[PDB]
Structures are given as C-alpha cells and as structure tokens.
Amino acid sequence: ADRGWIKXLXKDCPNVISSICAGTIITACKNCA
C-alpha cells in the first residue's frame with residue numbers, strides 16, 4: 001500500500017527496542033549507528 005520503512009538510523013526510528021533508547025523521548029540514546 002504505502003512505501004517507506006525505517007531500518008534503525010536513530011533519528012528516523014521512533015520505535016526502537018531495548019538496546020539504546022529502549023523506546024523513549026530521547027534520553028541517553030545519543031548514538032544509533
């Protein structure tokens with residue numbers, strides 16, 4: 001239907017899991033890589 005999916009750049013992944021930000025309003029996840 002709609003094209004467009006994030007991979008895990010950092011500023012483009014508002015979801016993310018337990019690894020850096022762990023789903024939060026930018027706290028310590030100052031680096032995605």
# chains A, B, ... in the order shown; residues from 1 in each chain; ligands from 1
call {"tool": "residues_around", "arguments": {"residues": "stretch 24-27 of chain A", "least_positions_apart": "5", "cutoff": "9 Å", "atoms": "only C-alpha atoms", "output": "ChimeraX atom specification"}}
result
/A:14-16
call {"tool": "residues_around", "arguments": {"residues": "residue A:33", "least_positions_apart": "4", "cutoff": "12 Å", "atoms": "only C-alpha atoms", "output": "list in words"}}
result
residues 7, 8, 9, 10, 11, 12, 13, 19, 20 and 29 of chain A
call {"tool": "write_last_selection", "arguments": {"atoms": "N, CA, C and O atoms", "output": "CSV table (one decimal), in the first residue's frame"}}
result
chain,number,residue,atom,x,y,z
A,7,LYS,N,15.0,1.6,9.1
A,7,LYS,CA,15.9,0.5,9.3
A,7,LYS,C,16.4,0.5,10.8
A,7,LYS,O,16.3,-0.5,11.5
A,8,UNK,N,16.9,1.7,11.2
A,8,UNK,CA,17.4,1.9,12.5
A,8,UNK,C,18.5,2.9,12.5
A,8,UNK,O,19.6,2.7,13.1
A,9,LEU,N,18.3,4.0,11.8
A,9,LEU,CA,19.3,5.1,11.7
A,9,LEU,C,19.5,5.9,13.0
A,9,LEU,O,20.6,6.3,13.4
A,10,UNK,N,18.4,6.0,13.8
A,10,UNK,CA,18.5,6.8,15.0
A,10,UNK,C,17.4,7.8,15.1
A,10,UNK,O,16.4,7.6,15.9
A,11,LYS,N,17.5,8.9,14.4
A,11,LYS,CA,16.5,10.0,14.3
A,11,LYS,C,15.3,9.6,13.5
A,11,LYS,O,14.3,10.3,13.5
A,12,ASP,N,15.4,8.5,12.8
A,12,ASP,CA,14.3,8.1,11.9
A,12,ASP,C,13.5,6.9,12.5
A,12,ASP,O,12.6,6.4,11.9
A,13,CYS,N,14.0,6.4,13.7
A,13,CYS,CA,13.4,5.2,14.3
A,13,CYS,C,12.7,5.6,15.6
A,13,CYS,O,13.4,5.5,16.7
A,19,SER,N,18.1,-1.5,23.6
A,19,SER,CA,19.4,-1.5,23.1
A,19,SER,C,20.1,-0.2,23.3
A,19,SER,O,21.3,-0.1,23.6
A,20,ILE,N,19.4,0.9,23.0
A,20,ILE,CA,19.9,2.2,23.1
A,20,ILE,C,19.0,3.2,23.9
A,20,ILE,O,19.2,3.6,25.0
A,29,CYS,N,20.0,7.7,24.4
A,29,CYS,CA,20.3,7.2,23.0
A,29,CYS,C,20.8,8.3,22.1
A,29,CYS,O,20.2,8.8,21.2
